[PDB]
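One file, run_18.pdb, is given below (PDB, C-alpha atoms).
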ATOM      1  CA  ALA A   1      17.776  10.183   2.488  1.00  0.00           C
ATOM      2  CA  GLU A   2      14.318  11.124   3.515  1.00  0.00           C
ATOM      3  CA  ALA A   3      12.439   7.763   3.663  1.00  0.00           C
ATOM      4  CA  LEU A   4       9.315   7.033   1.688  1.00  0.00           C
ATOM      5  CA  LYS A   5       5.911   8.150   2.985  1.00  0.00           C
ATOM      6  CA  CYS A   6       2.703   6.282   2.107  1.00  0.00           C
ATOM      7  CA  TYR A   7      -1.009   6.578   2.655  1.00  0.00           C
ATOM      8  CA  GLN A   8      -2.450   4.036   5.076  1.00  0.00           C
ATOM      9  CA  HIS A   9      -6.239   4.150   5.441  1.00  0.00           C
ATOM     10  CA  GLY A  10      -6.446   7.902   5.768  1.00  0.00           C
ATOM     11  CA  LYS A  11      -3.181   8.367   7.698  1.00  0.00           C
ATOM     12  CA  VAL A  12       0.294   9.109   6.367  1.00  0.00           C
ATOM     13  CA  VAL A  13       3.044   6.784   7.567  1.00  0.00           C
ATOM     14  CA  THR A  14       6.807   7.063   7.274  1.00  0.00           C
ATOM     15  CA  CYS A  15       8.103   3.828   5.826  1.00  0.00           C
ATOM     16  CA  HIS A  16      11.020   1.852   7.079  1.00  0.00           C
ATOM     17  CA  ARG A  17      14.158   3.237   5.491  1.00  0.00           C
ATOM     18  CA  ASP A  18      14.382   0.035   3.407  1.00  0.00           C
ATOM     19  CA  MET A  19      11.032   0.387   1.636  1.00  0.00           C
ATOM     20  CA  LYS A  20      10.759   0.899  -2.128  1.00  0.00           C
ATOM     21  CA  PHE A  21       7.010   0.994  -2.610  1.00  0.00           C
ATOM     22  CA  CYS A  22       3.653   2.165  -1.384  1.00  0.00           C
ATOM     23  CA  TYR A  23       0.985  -0.419  -2.201  1.00  0.00           C
ATOM     24  CA  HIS A  24      -2.795  -0.677  -2.243  1.00  0.00           C
ATOM     25  CA  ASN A  25      -4.484  -4.091  -2.283  1.00  0.00           C
ATOM     26  CA  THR A  26      -8.236  -4.653  -2.358  1.00  0.00           C
ATOM     27  CA  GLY A  27      -9.803  -8.093  -2.379  1.00  0.00           C
ATOM     28  CA  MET A  28     -13.172  -9.794  -2.055  1.00  0.00           C
ATOM     29  CA  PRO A  29     -12.453 -13.033  -0.161  1.00  0.00           C
ATOM     30  CA  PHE A  30     -16.222 -13.530   0.198  1.00  0.00           C
ATOM     31  CA  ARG A  31     -19.028 -11.874  -1.707  1.00  0.00           C
ATOM     32  CA  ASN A  32     -19.825  -9.787   1.428  1.00  0.00           C
ATOM     33  CA  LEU A  33     -16.254  -9.238   2.670  1.00  0.00           C
ATOM     34  CA  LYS A  34     -13.877  -6.714   1.146  1.00  0.00           C
ATOM     35  CA  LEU A  35     -10.315  -6.567   2.436  1.00  0.00           C
ATOM     36  CA  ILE A  36      -8.121  -3.501   1.872  1.00  0.00           C
ATOM     37  CA  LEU A  37      -4.408  -3.591   2.679  1.00  0.00           C
ATOM     38  CA  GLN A  38      -2.389  -0.426   2.312  1.00  0.00           C
ATOM     39  CA  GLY A  39       1.053   0.815   3.383  1.00  0.00           C
ATOM     40  CA  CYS A  40       4.773   0.390   2.659  1.00  0.00           C
ATOM     41  CA  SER A  41       6.676  -2.639   1.413  1.00  0.00           C
ATOM     42  CA  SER A  42      10.115  -3.716   0.227  1.00  0.00           C
ATOM     43  CA  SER A  43       8.739  -5.531  -2.815  1.00  0.00           C
ATOM     44  CA  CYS A  44       5.698  -5.082  -5.010  1.00  0.00           C
ATOM     45  CA  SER A  45       4.173  -6.729  -8.078  1.00  0.00           C
ATOM     46  CA  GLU A  46       1.379  -5.161 -10.129  1.00  0.00           C
ATOM     47  CA  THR A  47      -1.738  -7.348 -10.318  1.00  0.00           C
ATOM     48  CA  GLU A  48      -5.437  -6.703 -10.796  1.00  0.00           C
ATOM     49  CA  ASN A  49      -5.732  -6.096  -7.013  1.00  0.00           C
ATOM     50  CA  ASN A  50      -2.258  -4.985  -5.849  1.00  0.00           C
ATOM     51  CA  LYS A  51      -1.360  -1.472  -7.037  1.00  0.00           C
ATOM     52  CA  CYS A  52       2.279  -0.440  -6.674  1.00  0.00           C
ATOM     53  CA  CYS A  53       4.055   2.896  -6.720  1.00  0.00           C
ATOM     54  CA  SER A  54       7.304   4.399  -5.452  1.00  0.00           C
ATOM     55  CA  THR A  55       6.711   8.149  -4.826  1.00  0.00           C
ATOM     56  CA  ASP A  56       5.498   9.927  -1.683  1.00  0.00           C
ATOM     57  CA  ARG A  57       1.839   9.533  -0.601  1.00  0.00           C
ATOM     58  CA  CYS A  58       0.973   8.045  -3.989  1.00  0.00           C
ATOM     59  CA  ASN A  59      -1.951   5.759  -3.021  1.00  0.00           C
TER      60      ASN A  59
END

Give the structure from this file in structure tokens form.
Amino acid sequence: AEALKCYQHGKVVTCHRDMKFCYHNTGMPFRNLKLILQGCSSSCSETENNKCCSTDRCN
């Protein structure tokens, strides 16, 4: 099996062979601070900030 590939802040990363998901999480911890997490993960749950997917470079 090929291993999932995900977008990660402009780069393309090859996920650990165990990963099921590419994710994209954006948050505003403070009115002036935006946080953006992005990459591969074993688990993923759709929320208003965490976007999940399971195909290649799908972010």

Record the distance separating atom CA of residue 47 of chain A and atom CA of residue 24 of chain A, expressed in Å with one decimal.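 Separation of atom CA of residue 47 of chain A and atom CA of residue 24 of chain A: 10.5 Å.
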
Could you list the residues chosen by the PyMOL selection byres ((chain A and resi 21) around 7) in this structure as a list in words?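 Output of the PyMOL selection byres ((chain A and resi 21) around 7): residues 19, 20, 22, 23, 40, 41, 42, 43, 44, 52, 53 and 54 of chain A.
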
Using all atoms listed in the file, which residues sit within 12 Å of residue 28 of chain A once same-chain residues fewer than 5 positions away are excluded, as a PyMOL selection string? chain A and resi 33-37+49

Between atom CA of residue 10 of chain A and atom CA of residue 46 of chain A, what distance in Å does the model show, to one decimal?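 Atom-to-atom, atom CA of residue 10 of chain A to atom CA of residue 46 of chain A, that is 22.0 Å.
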
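Distances from A:32, A:45, A:50, A:55 to residue 15 of chain A were compared using only C-alpha atoms, and the smallest one belongs to A:55.
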
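Going from atom CA of residue 13 of chain A over to atom CA of residue 29 of chain A, you cover 26.3 Å.
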
Give, as JSON, the centre coordinates and the x, y and z edge lengths in Å to one decimal for an axis-aligned box around all listed atoms of segment 18-26 of chain A, padded by 4 Å on each side.
{"center_x": 3.1, "center_y": -1.2, "center_z": 0.4, "size_x": 30.6, "size_y": 14.8, "size_z": 14.0}

Spatial sel., origin (4.5, 8.1, 1.1), limit 7 Å, only C-alpha atoms, listed as a ChimeraX atom specification: /A:4-7,12-14,22,55-58

Using all atoms listed in the file, which of the listed residues (A:8, A:26, A:3, A:16) sits closest to residue 51 of chain A? A:26
